[PDB]
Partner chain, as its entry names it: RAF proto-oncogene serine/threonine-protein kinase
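Only one chain is given next, in structure tokens, and it is the form solved without its partner chain.
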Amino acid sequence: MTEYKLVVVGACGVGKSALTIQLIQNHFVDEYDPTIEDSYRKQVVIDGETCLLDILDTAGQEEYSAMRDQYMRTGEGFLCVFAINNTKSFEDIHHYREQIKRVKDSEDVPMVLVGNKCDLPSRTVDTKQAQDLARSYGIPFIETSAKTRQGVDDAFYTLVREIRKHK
């Protein structure tokens, strides 16, 4: 069966790990715990096709570190994550997208824009700003909450669909 290497990028604290832990381990915990189980693999069925998801979480890596460069060049698709209550994380998306484009030497890389923490009443980045940005990039935009599980599976499955359209 086909294996998809999905890379999760974005500023520290946007919820890249919480999104991964929900998808793979079925839970959310607010407290940071680095001793949690190291599973990043899940067998799943998307649009009838059975596949294996391998999630490469860039959290905890220094920017420009070797492991981060390795994750990016082996990754087939990218989730570009910002938090809806973190303006700077949204402004940083352009930087993460340009970096993926450089490391892949491609102007057409499968990507999904993810607006995380959509359970928060606290909102400094509007849906329209994110929809206009994803439209200019020609990529899907998905609103998620790693806390309530809203849009989580949709964001990773939409990325797999983007990889398939590309191939």
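Numbering follows the first chain given and starts at 1.
Omitted from view is the form solved in complex with its partner chain, to which the following refers.
- Taking non-hydrogen atoms only, residue 48 never approaches its partner chain to within 4.5 angstroms in the bound PDB entry.
- Residue contact check for residue 34: one or more of its heavy atoms lie within 4.5 Å of its partner chain in the bound PDB entry.
- Taking the partner from elsewhere, residue 25 is found to have a heavy atom lying within 4.5 Å of its partner chain in the bound PDB entry.
- By the criterion of a heavy atom within 4.5 Å, residue 152 is excluded from the residues contacting its partner chain in the bound PDB entry.
- Judged against its partner chain in the bound PDB entry with a 4.5 angstroms heavy atom cut-off, the residues 21, 40 and 56 are in contact without exception.
- Stretch-level contact analysis of 40 to 48, 112 to 120, 125 to 133, 138 to 146 against its partner chain in the bound PDB entry, using heavy atoms and a 4.5 Å limit, identifies 40 to 48.
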